>>> print(open('protein11.txt').read())   # compact mmCIF, C-alpha atoms and all ligand atoms
# COMPACT_ATOMS: atom_id res chain seq x y z
CA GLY A 3 8.95 20.32 2.50
CA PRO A 4 6.84 17.16 2.43
CA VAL A 5 7.37 14.63 5.20
CA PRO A 6 9.02 11.45 3.88
CA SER A 7 7.14 8.17 3.87
CA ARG A 8 8.21 4.53 3.73
CA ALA A 9 6.21 1.36 3.29
CA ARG A 10 5.41 -0.37 6.56
CA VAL A 11 6.12 -3.75 4.94
CA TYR A 12 8.66 -5.03 2.42
CA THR A 13 10.56 -1.78 2.81
CA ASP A 14 14.02 -3.25 2.24
CA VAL A 15 13.22 -6.07 -0.22
CA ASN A 16 15.08 -4.45 -3.10
CA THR A 17 17.99 -3.44 -0.87
CA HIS A 18 18.74 -7.04 0.04
CA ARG A 19 18.01 -8.45 -3.40
CA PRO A 20 21.00 -8.36 -5.77
CA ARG A 21 21.35 -5.27 -7.95
CA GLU A 22 20.44 -7.27 -11.06
CA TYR A 23 17.01 -7.90 -9.53
CA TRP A 24 15.79 -4.28 -9.57
CA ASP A 25 18.35 -2.68 -11.93
CA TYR A 26 16.12 -3.33 -14.92
CA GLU A 27 18.09 -0.92 -17.13
CA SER A 28 21.00 -3.40 -17.03
CA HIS A 29 18.74 -6.37 -17.82
CA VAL A 30 19.67 -8.32 -20.95
CA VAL A 31 16.58 -9.47 -22.81
CA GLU A 32 16.94 -13.08 -23.91
CA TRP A 33 15.02 -13.10 -27.19
CA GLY A 34 12.89 -15.97 -28.38
CA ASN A 35 11.97 -16.89 -31.95
CA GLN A 36 9.44 -14.41 -33.31
CA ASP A 37 8.19 -16.95 -35.86
CA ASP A 38 7.00 -19.23 -33.05
CA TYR A 39 3.80 -17.18 -32.75
CA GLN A 40 1.13 -16.62 -35.38
CA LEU A 41 -1.23 -13.80 -34.49
CA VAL A 42 -4.85 -14.94 -34.58
CA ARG A 43 -6.80 -11.82 -33.65
CA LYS A 44 -6.29 -8.41 -32.09
CA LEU A 45 -7.69 -8.51 -28.57
CA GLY A 46 -7.23 -4.85 -27.73
CA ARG A 47 -5.08 -1.75 -27.91
CA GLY A 48 -3.77 0.28 -25.00
CA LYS A 49 -1.75 3.44 -24.68
CA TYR A 50 1.42 1.34 -24.62
CA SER A 51 0.75 -1.86 -26.58
CA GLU A 52 -1.51 -3.81 -28.85
CA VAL A 53 -2.58 -7.21 -27.54
CA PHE A 54 -3.15 -10.21 -29.78
CA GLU A 55 -4.39 -13.71 -29.33
CA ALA A 56 -1.82 -16.00 -30.87
CA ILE A 57 -0.89 -19.65 -31.26
CA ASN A 58 2.54 -20.82 -30.19
CA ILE A 59 3.08 -23.16 -33.13
CA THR A 60 5.98 -24.94 -31.39
CA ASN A 61 3.74 -26.36 -28.65
CA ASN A 62 0.29 -25.78 -30.22
CA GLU A 63 -0.76 -23.71 -27.20
CA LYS A 64 -2.77 -20.52 -27.27
CA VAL A 65 -0.78 -17.54 -26.04
CA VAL A 66 -1.29 -13.80 -25.84
CA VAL A 67 1.14 -11.44 -27.54
CA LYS A 68 1.56 -7.88 -26.36
CA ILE A 69 3.41 -5.84 -28.97
CA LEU A 70 4.71 -2.77 -27.19
CA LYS A 71 4.29 0.66 -28.69
CA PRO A 72 7.51 2.68 -28.97
CA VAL A 73 8.67 4.03 -25.63
CA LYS A 74 12.02 4.05 -23.88
CA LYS A 75 14.27 1.02 -23.31
CA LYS A 76 14.05 1.39 -19.54
CA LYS A 77 10.25 1.25 -19.38
CA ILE A 78 10.23 -1.80 -21.65
CA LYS A 79 12.92 -3.50 -19.61
CA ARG A 80 11.17 -2.43 -16.43
CA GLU A 81 8.07 -4.39 -17.40
CA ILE A 82 10.15 -7.27 -18.73
CA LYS A 83 12.32 -7.46 -15.61
CA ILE A 84 9.30 -7.26 -13.33
CA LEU A 85 7.47 -10.02 -15.21
CA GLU A 86 10.55 -12.22 -15.04
CA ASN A 87 11.02 -11.42 -11.36
CA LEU A 88 7.38 -12.25 -10.56
CA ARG A 89 7.04 -15.22 -12.90
CA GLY A 90 5.58 -18.24 -11.15
CA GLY A 91 4.09 -16.13 -8.36
CA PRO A 92 0.43 -16.64 -7.42
CA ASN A 93 -1.93 -15.21 -10.02
CA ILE A 94 0.84 -13.28 -11.76
CA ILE A 95 0.45 -13.42 -15.52
CA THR A 96 3.20 -15.68 -16.83
CA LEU A 97 5.60 -14.12 -19.28
CA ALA A 98 6.28 -17.06 -21.58
CA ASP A 99 8.54 -15.38 -24.13
CA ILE A 100 9.88 -12.13 -25.56
CA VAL A 101 10.42 -11.72 -29.29
CA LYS A 102 11.47 -8.82 -31.48
CA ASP A 103 8.51 -7.85 -33.61
CA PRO A 104 9.89 -7.07 -37.09
CA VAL A 105 7.09 -4.65 -38.00
CA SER A 106 6.82 -2.51 -34.90
CA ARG A 107 10.58 -2.70 -34.30
CA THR A 108 9.69 -3.28 -30.66
CA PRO A 109 9.49 -6.14 -28.17
CA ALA A 110 6.47 -8.44 -28.22
CA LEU A 111 5.75 -9.99 -24.84
CA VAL A 112 4.25 -13.47 -25.03
CA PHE A 113 2.03 -14.45 -22.12
CA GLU A 114 0.09 -17.48 -21.08
CA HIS A 115 -3.41 -17.37 -22.46
CA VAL A 116 -6.20 -16.80 -19.95
CA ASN A 117 -9.65 -17.48 -21.42
CA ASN A 118 -10.95 -14.31 -19.82
CA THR A 119 -14.67 -13.96 -19.18
CA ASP A 120 -16.23 -10.77 -20.57
CA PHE A 121 -15.55 -8.06 -17.97
CA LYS A 122 -19.06 -6.60 -18.27
CA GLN A 123 -20.55 -10.08 -17.85
CA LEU A 124 -18.35 -10.71 -14.81
CA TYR A 125 -19.21 -7.53 -12.92
CA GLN A 126 -22.90 -8.13 -13.62
CA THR A 127 -22.85 -11.75 -12.43
CA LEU A 128 -20.23 -12.11 -9.69
CA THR A 129 -21.86 -13.31 -6.50
CA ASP A 130 -20.94 -12.23 -3.00
CA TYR A 131 -18.95 -15.45 -2.69
CA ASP A 132 -17.29 -14.86 -6.07
CA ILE A 133 -16.26 -11.32 -5.14
CA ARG A 134 -14.62 -12.47 -1.92
CA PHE A 135 -12.96 -15.39 -3.70
CA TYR A 136 -11.54 -13.23 -6.47
CA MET A 137 -10.57 -10.45 -4.07
CA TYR A 138 -8.56 -13.06 -2.20
CA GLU A 139 -6.98 -14.23 -5.43
CA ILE A 140 -6.03 -10.64 -6.30
CA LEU A 141 -4.60 -10.23 -2.82
CA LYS A 142 -2.36 -13.26 -3.38
CA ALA A 143 -0.95 -11.57 -6.47
CA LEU A 144 -0.57 -8.22 -4.74
CA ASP A 145 1.08 -9.62 -1.63
CA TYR A 146 3.38 -11.56 -3.91
CA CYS A 147 4.54 -8.64 -6.02
CA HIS A 148 4.72 -6.40 -2.95
CA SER A 149 6.75 -9.05 -1.14
CA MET A 150 8.95 -9.06 -4.23
CA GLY A 151 9.60 -5.33 -4.02
CA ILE A 152 7.18 -4.35 -6.77
CA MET A 153 4.05 -2.21 -6.81
CA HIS A 154 1.63 -2.75 -9.68
CA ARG A 155 0.38 0.88 -9.77
CA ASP A 156 -2.41 0.09 -12.22
CA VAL A 157 -4.80 -2.12 -10.30
CA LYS A 158 -8.18 -1.91 -12.01
CA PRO A 159 -10.77 -4.38 -13.32
CA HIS A 160 -9.33 -4.36 -16.84
CA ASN A 161 -5.99 -5.56 -15.45
CA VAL A 162 -7.57 -8.51 -13.67
CA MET A 163 -8.12 -11.43 -16.01
CA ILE A 164 -10.59 -14.02 -14.77
CA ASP A 165 -11.31 -17.35 -16.41
CA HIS A 166 -14.49 -17.79 -14.42
CA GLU A 167 -14.93 -21.35 -15.66
CA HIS A 168 -11.70 -22.43 -13.95
CA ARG A 169 -11.95 -19.82 -11.18
CA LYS A 170 -8.54 -18.67 -12.37
CA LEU A 171 -7.32 -15.12 -11.97
CA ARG A 172 -4.32 -13.31 -13.35
CA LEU A 173 -3.08 -9.83 -12.56
CA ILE A 174 -1.84 -8.44 -15.88
CA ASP A 175 -0.35 -5.31 -17.49
CA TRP A 176 2.71 -4.74 -15.39
CA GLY A 177 3.67 -1.91 -17.74
CA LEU A 178 3.19 0.65 -14.97
CA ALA A 179 4.68 -1.52 -12.24
CA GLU A 180 7.73 -0.25 -10.42
CA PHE A 181 10.31 -1.41 -7.94
CA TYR A 182 9.69 0.01 -4.50
CA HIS A 183 12.79 1.71 -3.13
CA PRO A 184 12.37 3.43 0.25
CA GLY A 185 12.59 7.19 -0.09
CA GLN A 186 12.17 7.15 -3.85
CA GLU A 187 9.86 9.71 -5.40
CA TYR A 188 7.66 8.19 -8.09
CA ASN A 189 5.55 9.52 -10.93
CA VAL A 190 2.08 10.31 -9.66
CA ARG A 191 0.68 9.96 -13.20
CA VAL A 192 -0.01 6.28 -12.70
CA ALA A 193 -3.23 4.24 -12.37
CA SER A 194 -6.48 5.02 -14.10
CA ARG A 195 -8.26 8.08 -12.70
CA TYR A 196 -10.94 6.16 -10.81
CA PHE A 197 -8.34 4.01 -9.02
CA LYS A 198 -5.74 6.67 -8.23
CA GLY A 199 -4.93 6.80 -4.54
CA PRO A 200 -5.19 10.10 -2.68
CA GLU A 201 -1.38 10.14 -2.61
CA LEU A 202 -1.42 10.52 -6.39
CA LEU A 203 -4.25 13.05 -6.39
CA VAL A 204 -2.40 15.31 -3.94
CA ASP A 205 0.92 14.86 -5.77
CA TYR A 206 2.63 12.96 -2.92
CA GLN A 207 5.39 11.13 -4.75
CA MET A 208 6.91 9.00 -1.98
CA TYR A 209 4.22 6.35 -2.20
CA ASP A 210 4.56 2.61 -2.02
CA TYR A 211 2.71 -0.70 -2.33
CA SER A 212 -0.22 0.71 -0.38
CA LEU A 213 -1.21 2.57 -3.57
CA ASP A 214 -2.39 -0.79 -4.91
CA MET A 215 -4.56 -1.34 -1.85
CA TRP A 216 -6.39 1.92 -2.50
CA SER A 217 -7.03 0.85 -6.10
CA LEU A 218 -8.11 -2.53 -4.79
CA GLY A 219 -10.53 -0.86 -2.43
CA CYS A 220 -11.95 1.13 -5.33
CA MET A 221 -12.54 -2.14 -7.17
CA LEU A 222 -14.11 -3.71 -4.08
CA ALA A 223 -16.39 -0.70 -3.58
CA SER A 224 -17.47 -0.88 -7.22
CA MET A 225 -18.24 -4.59 -6.91
CA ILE A 226 -20.10 -4.79 -3.61
CA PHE A 227 -22.02 -1.56 -4.22
CA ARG A 228 -22.60 -2.15 -7.95
CA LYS A 229 -21.37 1.32 -8.88
CA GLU A 230 -18.81 1.30 -11.71
CA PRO A 231 -16.55 3.10 -11.03
CA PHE A 232 -17.20 3.91 -7.38
CA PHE A 233 -15.36 7.26 -7.23
CA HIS A 234 -16.41 8.68 -10.59
CA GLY A 235 -14.41 11.87 -10.95
CA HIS A 236 -14.49 13.90 -14.12
CA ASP A 237 -10.81 14.75 -13.80
CA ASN A 238 -8.04 14.19 -11.26
CA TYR A 239 -9.24 17.14 -9.18
CA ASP A 240 -12.89 16.13 -9.12
CA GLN A 241 -11.61 12.63 -8.37
CA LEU A 242 -10.27 13.82 -5.02
CA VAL A 243 -13.49 15.73 -4.34
CA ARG A 244 -15.49 12.57 -5.02
CA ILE A 245 -13.31 10.77 -2.51
CA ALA A 246 -13.61 13.58 0.04
CA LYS A 247 -17.40 13.45 -0.23
CA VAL A 248 -17.14 9.92 1.17
CA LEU A 249 -14.07 9.88 3.39
CA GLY A 250 -14.64 13.47 4.52
CA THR A 251 -12.51 16.57 4.23
CA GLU A 252 -11.29 16.57 7.84
CA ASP A 253 -9.39 13.32 7.36
CA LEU A 254 -8.13 14.59 4.01
CA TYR A 255 -6.65 17.55 5.85
CA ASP A 256 -5.27 15.23 8.54
CA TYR A 257 -3.65 13.23 5.75
CA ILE A 258 -2.03 16.09 3.89
CA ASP A 259 -1.09 17.71 7.20
CA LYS A 260 0.66 14.55 8.37
CA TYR A 261 2.82 14.62 5.24
CA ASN A 262 3.06 18.44 5.07
CA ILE A 263 1.30 18.32 1.68
CA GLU A 264 -0.58 21.33 0.33
CA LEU A 265 -3.62 20.92 -1.87
CA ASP A 266 -3.66 22.58 -5.27
CA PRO A 267 -5.25 25.96 -4.50
CA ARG A 268 -7.70 25.17 -7.31
CA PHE A 269 -9.40 22.90 -4.75
CA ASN A 270 -10.33 26.01 -2.74
CA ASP A 271 -13.61 26.53 -4.62
CA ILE A 272 -14.42 22.91 -5.51
CA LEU A 273 -13.55 20.86 -2.44
CA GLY A 274 -16.00 22.08 0.19
CA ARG A 275 -16.58 20.65 3.65
CA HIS A 276 -17.69 17.03 3.92
CA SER A 277 -18.35 14.73 6.84
CA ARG A 278 -16.98 11.23 6.63
CA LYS A 279 -19.81 8.96 5.60
CA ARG A 280 -20.81 5.55 6.86
CA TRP A 281 -20.47 2.88 4.18
CA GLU A 282 -24.02 1.70 4.85
CA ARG A 283 -25.40 4.66 2.92
CA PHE A 284 -24.21 3.05 -0.31
CA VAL A 285 -26.19 -0.12 0.47
CA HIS A 286 -29.49 -0.54 -1.35
CA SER A 287 -31.79 -3.32 -2.44
CA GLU A 288 -29.85 -3.93 -5.64
CA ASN A 289 -26.48 -4.45 -3.94
CA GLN A 290 -27.34 -5.59 -0.42
CA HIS A 291 -26.74 -9.26 -1.24
CA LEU A 292 -23.10 -8.29 -1.90
CA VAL A 293 -22.75 -6.28 1.31
CA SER A 294 -21.95 -7.63 4.75
CA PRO A 295 -20.53 -6.05 7.90
CA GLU A 296 -17.27 -7.82 6.99
CA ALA A 297 -17.32 -6.37 3.46
CA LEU A 298 -17.87 -2.88 4.77
CA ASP A 299 -15.21 -3.14 7.45
CA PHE A 300 -12.73 -4.55 4.96
CA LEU A 301 -13.51 -1.80 2.46
CA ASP A 302 -13.30 0.77 5.24
CA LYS A 303 -9.77 -0.47 6.05
CA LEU A 304 -8.60 -0.31 2.42
CA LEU A 305 -9.97 3.12 1.57
CA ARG A 306 -7.88 5.27 3.90
CA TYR A 307 -6.44 8.57 2.77
CA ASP A 308 -3.27 7.75 4.63
CA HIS A 309 -1.47 5.17 2.53
CA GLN A 310 0.34 4.15 5.72
CA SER A 311 -2.99 3.27 7.36
CA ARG A 312 -4.41 0.98 4.70
CA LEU A 313 -4.37 -2.75 5.17
CA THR A 314 -1.42 -4.35 3.54
CA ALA A 315 -2.22 -7.16 1.15
CA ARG A 316 -1.22 -9.66 3.82
CA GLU A 317 -3.35 -7.99 6.48
CA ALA A 318 -6.22 -7.84 3.99
CA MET A 319 -6.00 -11.61 3.53
CA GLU A 320 -6.45 -11.95 7.31
CA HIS A 321 -9.74 -10.10 7.20
CA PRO A 322 -12.96 -11.84 8.32
CA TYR A 323 -14.38 -10.91 4.92
CA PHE A 324 -12.50 -13.95 3.59
CA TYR A 325 -13.42 -16.38 6.36
CA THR A 326 -16.19 -17.68 4.14
CA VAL A 327 -13.85 -18.23 1.18
CA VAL A 328 -12.69 -21.83 0.83
CA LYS A 329 -8.91 -22.04 1.31
CA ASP A 330 -7.02 -24.57 -0.83
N1 LIG B 401 -5.76 -7.59 -22.69
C1 LIG B 401 -5.37 -8.65 -22.55
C2 LIG B 401 -4.87 -10.08 -22.34
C3 LIG B 401 -3.73 -10.47 -21.81
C4 LIG B 401 -2.63 -9.57 -21.28
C5 LIG B 401 -1.57 -10.14 -20.61
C6 LIG B 401 -0.56 -9.35 -20.10
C7 LIG B 401 -0.62 -7.98 -20.28
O1 LIG B 401 0.42 -7.20 -19.77
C8 LIG B 401 -1.69 -7.40 -20.96
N2 LIG B 401 -1.83 -5.97 -21.18
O2 LIG B 401 -0.94 -5.24 -20.98
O3 LIG B 401 -3.07 -5.49 -21.63
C9 LIG B 401 -2.68 -8.20 -21.46
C10 LIG B 401 -5.81 -11.17 -22.78
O4 LIG B 401 -5.44 -12.29 -22.74
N3 LIG B 401 -7.12 -10.75 -23.20
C11 LIG B 401 -8.12 -11.70 -23.62
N4 LIG B 401 -9.39 -11.35 -23.98
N5 LIG B 401 -10.18 -12.55 -24.34
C12 LIG B 401 -9.41 -13.67 -24.19
BR1 LIG B 401 -10.01 -15.47 -24.53
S1 LIG B 401 -7.91 -13.32 -23.68
>>> encode(input="protein11.txt", output="structure tokens")
Amino acid sequence: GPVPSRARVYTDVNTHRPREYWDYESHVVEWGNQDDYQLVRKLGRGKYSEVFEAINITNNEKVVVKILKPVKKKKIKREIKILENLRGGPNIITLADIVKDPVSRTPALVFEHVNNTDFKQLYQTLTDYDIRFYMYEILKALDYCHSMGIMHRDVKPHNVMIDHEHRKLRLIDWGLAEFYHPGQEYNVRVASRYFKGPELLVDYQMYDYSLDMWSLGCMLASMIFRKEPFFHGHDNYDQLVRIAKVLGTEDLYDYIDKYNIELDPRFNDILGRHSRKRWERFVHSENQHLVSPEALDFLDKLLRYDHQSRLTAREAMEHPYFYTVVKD
């Protein structure tokens, strides 16, 4: 069978936390007053919720209301419990309230409002300094949730809110987040295609926080190289091929061999043989201002097939890539 894997950090966080911390199914939602919030405008719709700008009329503060679509009590309470567990952590979106929506017959999560800069505008305008700064801010959030026994499992630009005016960043949409329990097999149908780690694409279920670092590397690659998304697979199979055309097939085989994973035989006539490439080949005159030796080495250390070999969030924050970023 497949060789087991454990996280190299924060392995036992949920073991030594009380059961109530990770046993989200037993969590008792403390409900607020649904009439406290008047919806102002629909901000977006996902697979699992609709998101509204709202005013909390009790404090006259803008908030954001995420009305969940119907899905099972555990997945709702999973997100709720995780948000409550992480509340107050660096750059974690703050769950302010939970109300019962009377129309959807579902929970509505109330969050702090982040005046988020247009995502298109941000990718087009972020400087080298800004990318490092915000990467560091994301790493704070990721190290925090990882240190709290939680993997986000959906790290992607759309889940990173940035109020660029205040240089404020929030990691949002914890609806896919899970508690990391050593030895637990997880759903590999997480993350958006372009940010799925190799572990997901080869159906290796015993993954951990390091999944988020792959996704984070995909974001970093897309930013410094100005290629959105960086690994642009047409489906989950082509996604792995796109990755193998950069990281090479020999290390992909090393990876699946280490974990006694077998590729889907459908890869046999689409995968091919690929050398590992040097990151410099993605540098060109339109992205070179965003590229440095530090950027490439940092990216190189995030985008490993082997989830056990990627930088942890904490190690990532040690990287010389961030030496230039002003520390508060
Ligand atoms: N989407 C969104 C927003 C917040 C949010 C918070 C937690 C959360 O879990 C989710 N989620 O799941 O999609 C979303 C938001 O605040 N969007 C805005 N767009 N313009 C302005 Br101004 S705010």
>>> residues_around(input="protein11.txt", residues="residue 231 in chain A", least_positions_apart="2", cutoff="10 Å", atoms="all atoms listed in the file", output="PDB file with C-alpha atoms, keeping the file's coordinate frame")
ATOM      1  CA  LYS A 158      -8.180  -1.910 -12.010  1.00  0.00           C
ATOM      2  CA  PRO A 159     -10.770  -4.380 -13.320  1.00  0.00           C
ATOM      3  CA  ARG A 195      -8.260   8.080 -12.700  1.00  0.00           C
ATOM      4  CA  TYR A 196     -10.940   6.160 -10.810  1.00  0.00           C
ATOM      5  CA  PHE A 197      -8.340   4.010  -9.020  1.00  0.00           C
ATOM      6  CA  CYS A 220     -11.950   1.130  -5.330  1.00  0.00           C
ATOM      7  CA  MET A 221     -12.540  -2.140  -7.170  1.00  0.00           C
ATOM      8  CA  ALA A 223     -16.390  -0.700  -3.580  1.00  0.00           C
ATOM      9  CA  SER A 224     -17.470  -0.880  -7.220  1.00  0.00           C
ATOM     10  CA  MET A 225     -18.240  -4.590  -6.910  1.00  0.00           C
ATOM     11  CA  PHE A 227     -22.020  -1.560  -4.220  1.00  0.00           C
ATOM     12  CA  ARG A 228     -22.600  -2.150  -7.950  1.00  0.00           C
ATOM     13  CA  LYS A 229     -21.370   1.320  -8.880  1.00  0.00           C
ATOM     14  CA  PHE A 233     -15.360   7.260  -7.230  1.00  0.00           C
ATOM     15  CA  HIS A 234     -16.410   8.680 -10.590  1.00  0.00           C
ATOM     16  CA  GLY A 235     -14.410  11.870 -10.950  1.00  0.00           C
TER      17      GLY A 235
END
>>> closest_residue(input="protein11.txt", among="A:49, A:247, A:19, A:309", to="residue 215 in chain A", atoms="all atoms listed in the file")
A:309
>>> closest_residue(input="protein11.txt", among="A:262, A:186, A:277, A:161", to="ligand LIG 401 (chain B)", atoms="only C-alpha atoms and all ligand atoms")
A:161
>>> residues_around(input="protein11.txt", residues="residue 279 in chain A", least_positions_apart="2", cutoff="10 Å", atoms="all atoms listed in the file", output="list in words")
residues 246, 247, 248, 249, 250, 276, 277, 281, 282, 283 and 284 of chain A
>>> atom_distance(input="protein11.txt", atom1="atom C3 of ligand LIG 401 (chain B)", atom2="CA of residue 187 in chain A")
29.3 Å
>>> residues_near_ligand(input="protein11.txt", ligand="ligand LIG 401 (chain B)", cutoff="6 Å", atoms="only C-alpha atoms and all ligand atoms", output="JSON, numbers by chain")
{"A": [45, 46, 53, 66, 113, 115, 116, 117, 118, 174, 175, 176]}
>>> residues_around(input="protein11.txt", residues="residue 76 in chain A", least_positions_apart="2", cutoff="8 Å", atoms="all atoms listed in the file", output="list in words")
residues 26, 27, 74, 78, 79 and 80 of chain A
>>> atom_distance(input="protein11.txt", atom1="CA of residue 209 in chain A", atom2="CA of residue 22 in chain A")
23.0 Å
>>> closest_residue(input="protein11.txt", among="A:36, A:75, A:289, A:261", to="residue 56 in chain A", atoms="only C-alpha atoms")
A:36
>>> closest_residue(input="protein11.txt", among="A:222, A:255, A:173, A:263", to="residue 130 in chain A", atoms="only C-alpha atoms")
A:222
>>> residues_around(input="protein11.txt", residues="residue 259 in chain A", least_positions_apart="2", cutoff="12 Å", atoms="all atoms listed in the file", output="list in words")
residues 3, 4, 5, 204, 206, 251, 252, 253, 254, 255, 256, 257, 261, 262, 263, 264, 265, 307 and 308 of chain A
>>> closest_residue(input="protein11.txt", among="A:107, A:43, A:303, A:172", to="residue 138 in chain A", atoms="only C-alpha atoms")
A:172
>>> closest_residue(input="protein11.txt", among="A:70, A:310, A:163, A:275", to="residue 121 in chain A", atoms="only C-alpha atoms")
A:163
>>> atom_distance(input="protein11.txt", atom1="CA of residue 171 in chain A", atom2="CA of residue 157 in chain A")
13.3 Å
>>> residues_around(input="protein11.txt", residues="residue 314 in chain A", least_positions_apart="2", cutoff="7 Å", atoms="only C-alpha atoms", output="list in words")
residues 212, 215, 312, 316, 317 and 318 of chain A
>>> closest_atom_pairs(input="protein11.txt", of="range 7-42 of chain A", to="range 82-86 of chain A", cutoff="8 Å", atoms="all atoms listed in the file", output="tab-separated table")
residue	atom	partner	partner_atom	distance
A:23	CA	A:83	CA	7.7
A:24	CA	A:83	CA	7.7
A:26	CA	A:83	CA	5.7
A:29	CA	A:83	CA	6.9
A:31	CA	A:82	CA	7.9
>>> decode(input="protein11.txt", residues="range 35-71 of chain A", atoms="C-alpha atoms", output="short mmCIF file (atom, residue, chain, number, x, y, z; two decimals), in the first residue's frame")
data_model
loop_
_atom_site.label_atom_id
_atom_site.label_comp_id
_atom_site.auth_asym_id
_atom_site.auth_seq_id
_atom_site.Cartn_x
_atom_site.Cartn_y
_atom_site.Cartn_z
CA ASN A 35 -29.17 38.32 16.15
CA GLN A 36 -29.85 37.99 12.43
CA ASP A 37 -31.54 41.40 12.34
CA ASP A 38 -28.25 43.08 13.33
CA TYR A 39 -27.12 42.96 9.69
CA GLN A 40 -28.73 44.62 6.69
CA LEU A 41 -27.40 43.28 3.40
CA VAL A 42 -26.13 46.09 1.17
CA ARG A 43 -24.94 44.29 -1.95
CA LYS A 44 -24.03 40.82 -3.16
CA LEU A 45 -20.26 40.64 -3.44
CA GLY A 46 -20.03 37.19 -4.98
CA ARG A 47 -21.26 33.63 -5.10
CA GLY A 48 -19.21 30.49 -4.60
CA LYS A 49 -19.93 26.80 -4.74
CA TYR A 50 -20.73 26.87 -1.02
CA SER A 51 -21.98 30.36 -0.15
CA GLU A 52 -23.12 33.74 -1.31
CA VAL A 53 -21.17 36.68 0.08
CA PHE A 54 -22.74 40.04 0.86
CA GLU A 55 -21.52 43.38 1.99
CA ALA A 56 -23.58 44.36 4.99
CA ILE A 57 -23.87 46.96 7.73
CA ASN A 58 -23.90 45.85 11.34
CA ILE A 59 -26.57 48.30 12.47
CA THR A 60 -25.73 47.77 16.16
CA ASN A 61 -22.26 49.30 15.81
CA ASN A 62 -22.62 51.04 12.41
CA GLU A 63 -19.68 49.05 11.06
CA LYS A 64 -19.40 47.51 7.62
CA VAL A 65 -19.25 43.72 7.76
CA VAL A 66 -19.30 40.89 5.25
CA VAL A 67 -21.97 38.21 5.45
CA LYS A 68 -21.40 34.78 3.99
CA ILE A 69 -24.69 32.90 3.71
CA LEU A 70 -23.80 29.24 3.37
CA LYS A 71 -25.42 27.09 0.74
#
